[PDB]
**Q** 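Here you go, one structure.
Here is the naming used below: chain letters follow the sequence lines, and residue numbers restart at 1 for every chain.
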Amino acid sequence: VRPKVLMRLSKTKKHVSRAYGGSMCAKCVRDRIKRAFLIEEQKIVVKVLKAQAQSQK
Amino acid sequence: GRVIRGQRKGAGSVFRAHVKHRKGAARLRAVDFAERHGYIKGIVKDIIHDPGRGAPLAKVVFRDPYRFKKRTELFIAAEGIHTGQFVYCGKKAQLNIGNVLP
Amino acid sequence: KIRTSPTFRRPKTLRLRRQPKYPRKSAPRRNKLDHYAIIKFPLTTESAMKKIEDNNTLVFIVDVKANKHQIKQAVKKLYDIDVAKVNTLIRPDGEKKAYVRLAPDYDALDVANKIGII
Amino acid sequence: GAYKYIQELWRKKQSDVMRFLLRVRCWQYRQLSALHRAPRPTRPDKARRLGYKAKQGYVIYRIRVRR
Amino acid sequence: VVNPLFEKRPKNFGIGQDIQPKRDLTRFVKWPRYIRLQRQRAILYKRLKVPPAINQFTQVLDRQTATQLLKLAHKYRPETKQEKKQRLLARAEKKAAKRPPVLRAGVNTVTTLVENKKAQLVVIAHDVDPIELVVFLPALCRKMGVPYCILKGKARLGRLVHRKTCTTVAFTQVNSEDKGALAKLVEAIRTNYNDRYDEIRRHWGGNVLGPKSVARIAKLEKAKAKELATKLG
RNA sequence: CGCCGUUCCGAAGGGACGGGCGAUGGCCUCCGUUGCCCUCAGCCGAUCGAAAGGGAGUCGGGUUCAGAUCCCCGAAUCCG
RNA sequence: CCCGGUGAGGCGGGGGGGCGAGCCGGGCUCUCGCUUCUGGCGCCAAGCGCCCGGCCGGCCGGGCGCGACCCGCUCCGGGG
Ligand SMILES: [Mg+2]
Ligand SMILES: [Mg+2]
Ligand SMILES: [Mg+2]
Ligand SMILES: [Mg+2]
């Protein structure tokens, strides 16, 4: 609908029942959860080696 | 005699640049603490055609180091850069295509 | 104490309300658009009669400056009737014509006799 | 009788003292607008012998004109 | 007992990482034009060469001498408007049924007194602007042998005379009980100002580079000195 | 007389959820309003510029000598 | 005096800490200031130390400091 017609629509008609629903596609929302999780894990992996390497150092 | 065409170009008028559909001025980042000492990361969002310019323009996005904001920069697109690529600007950026170094 | 912003801005300073020693105008100006000013005279043409009889509508010539709310309130006070709505146009000769429709509990044909139109 | 000393002092415009004052004042005057309300006469003795009186209603304005 | 939920959540403020804290930017503020002007004028007076006639006013009394000088002067303040009315009315009743010593204020009144040798001590504010109003007074007092001193604040001399500001004041007479105090002040003031006048009038001021420049020169030499020191080891 | 200039040499914000002090009120119970203070605040350009650009929401039937998506009848809708 | 940039956001000097070098565990030569895999996220403080208030040691509510080094005279550079 036209942008000013969204004012008189209820919320349910303007979004989806999901994180980012109505603003981000499901396909790319699945990808950010994996990316956010997978990248956060690599930090721990890198951090552990840093401390473990420093531990020996 | 009368004023010649070359003279008339400097008065503006019908001789000004056609800037209606241009995307903005293509510039590097404004040098700040991050680029003076280290580097800052940025992601290439889009590569766009600029009317009146042969070269494409890259739309790089950085994090504001002092505020919760995204900064959109309009760079000259070095050949070989792509969207989604990370570019780094600063004194300690690595010598890669698209990076900005002193 | 400290400045967390590199910008300097004009600080807000007290702004007092006016307290005149005298009023510039000795008295308020009288209202020149009272009810008797708004309604000039009723229109009695053939089409005005049709409005009264068929559409329960009175037709008045009114001050060009008056608005619908003013016309409605003037009509009610002058003739002690109720008004449903008001339609207005400005005539080609500059006068403003008001098509005043009365509430269903009022008979424009009767009201016109009170006013003297019919 | 200080107005006598100041008058004589402002006649030695090429002396080290007055050269320093004229130079920094010209610099300061150059950072302001071409028309500027001055809080008081920069030259109280010169102003008064031109009619100025130090009373309410007299005002001073500094005007910058291109040479 | 400590709640196991509570924990540290430190912020890393390295380039990148977390947004920087709201630190004090006082040094990097873009100040109004009028603030920039008066600060850049204070830097020029340090940077340039200030002639001794203008620079003599940077030498002033210490707080302890100024406090004594100001407490003695406090005993000779001119009568206020309100208390002069009382003095006049008291004379009216006196009629129906001498001039005490008092401070002399104003560069014009003090100048005439100094020329006449009727002043015993002259106090000159250090921040008179235009300086031309008093730039000659130290030399004039010295010629006539009238001891003079320079005090911090034309506003302090202003409060003496119950006015916003005063360029200079002068002692002409003191009470017998206060003659000793003036003699003590005059002696200290005379040595610092009237006796050193020969060196005061040759002592230029200013001509000091900024901190960054000085450090830059100091570093450049220290390389030579260390290189010179390493020359022989 | 004025002109250039439109963010460029400018202390360019008269605003806000919240909190604190009072002054008042009313369905005086407790809630409003107001003044000050605290706190927070990019938009960075007054204003003008289109009856073909952007721009919520009205359709059917009847009616006049001349007006109607405007009047009347019927059925709706947007905005506040 | 001029030019460029910036919402004039970390400049100069010293302090403090890490990696190497080296003279006989300490001083220095002297460097670094925590972000490079991925088309995520990232503000409006955690924690600690010290004070104060309200109610009956326990509940409720605040202030300051460190965290976020110290001092300075030109915002930072380029000319001159
Ligand atoms: Mg408009
Ligand atoms: Mg239009
Ligand atoms: Mg249109
Ligand atoms: Mg309708």
**Q** Could you measure between the two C1' atoms, the one in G67(G) and the one in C48(G), and give it in whole Å?
**A** 8 Å

**Q** Counting only N and O atoms by type, is there a donor-acceptor contact under 3.5 Å from the side chain of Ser13(B) to the main-chain atoms of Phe15(B)?
**A** no

**Q** Dump every N/O contact between nucleotides 68-71 of chain F and the protein below 3.5 Å, one line per pair.
**A**
| from | atom 1 | to | atom 2 | distance (Å) |
| --- | --- | --- | --- | --- |
| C71(F) | OP1 | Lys85(C) | NZ | 3.1 |
| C71(F) | OP1 | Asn87(C) | OD1 | 3.0 |

**Q** Could you check which residues of residues 64-87 of chain B get a heavy atom under 4.0 Å from RNA chain F? Sort them by number, please.
**A** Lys69(B), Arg71(B)

**Q** Mind checking if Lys41(B) touches a base, just sugar-phosphate, or nothing, with heavy atoms under 4.0 Å?
**A** nothing

**Q** With centres under 5.5 Å and planes under 30° as the test, does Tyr34(E) stack with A11(F)?
**A** yes

**Q** How would nucleotides 74-80 of chain G be written as a contact map, 5' to 3', with B for base contact, S for sugar-phosphate-only contact and - for no contact, using protein heavy atoms under 4.0 Å?
**A** BSS----

**Q** What distance, rounded to whole Å, do you find between the two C1' atoms, one in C75(G) and one in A8(G)?
**A** 5 Å

**Q** Can you pull every protein N or O that's under 3.5 Å from an N or O on nucleotides 13-21 of chain G?
**A**
| from | atom 1 | to | atom 2 | distance (Å) |
| --- | --- | --- | --- | --- |
| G13(G) | OP1 | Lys219(E) | NZ | 2.3 |

**Q** Both distances under 3.5 Å, Watson-Crick or G-U wobble: report the partner of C31(F), or none.
**A** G25(F)

**Q** Contacts to RNA chain F from residues 18-26 of chain D, heavy-atom cutoff under 4.0 Å, which residues?
**A** none

**Q** If you pin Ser5(C) and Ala36(A) to their nearest nucleotides in RNA chain G, which one's is more 5'?
**A** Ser5(C)

**Q** Distances for protein N/O vs nucleotides 52-56 of chain F N/O pairs under 3.5 angstrom?
**A**
| from | atom 1 | to | atom 2 | distance (Å) |
| --- | --- | --- | --- | --- |
| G55(F) | OP1 | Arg2(A) | NH2 | 2.6 |
| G55(F) | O3' | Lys4(A) | NZ | 3.3 |
| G55(F) | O2' | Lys4(A) | NZ | 2.7 |
| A56(F) | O2' | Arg8(A) | NH1 | 2.9 |

**Q** Quiz question: going by heavy-atom distance under 3.5 Å, is there a donor-acceptor pair between the base of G15(F) and the side chain of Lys12(C)?
**A** yes

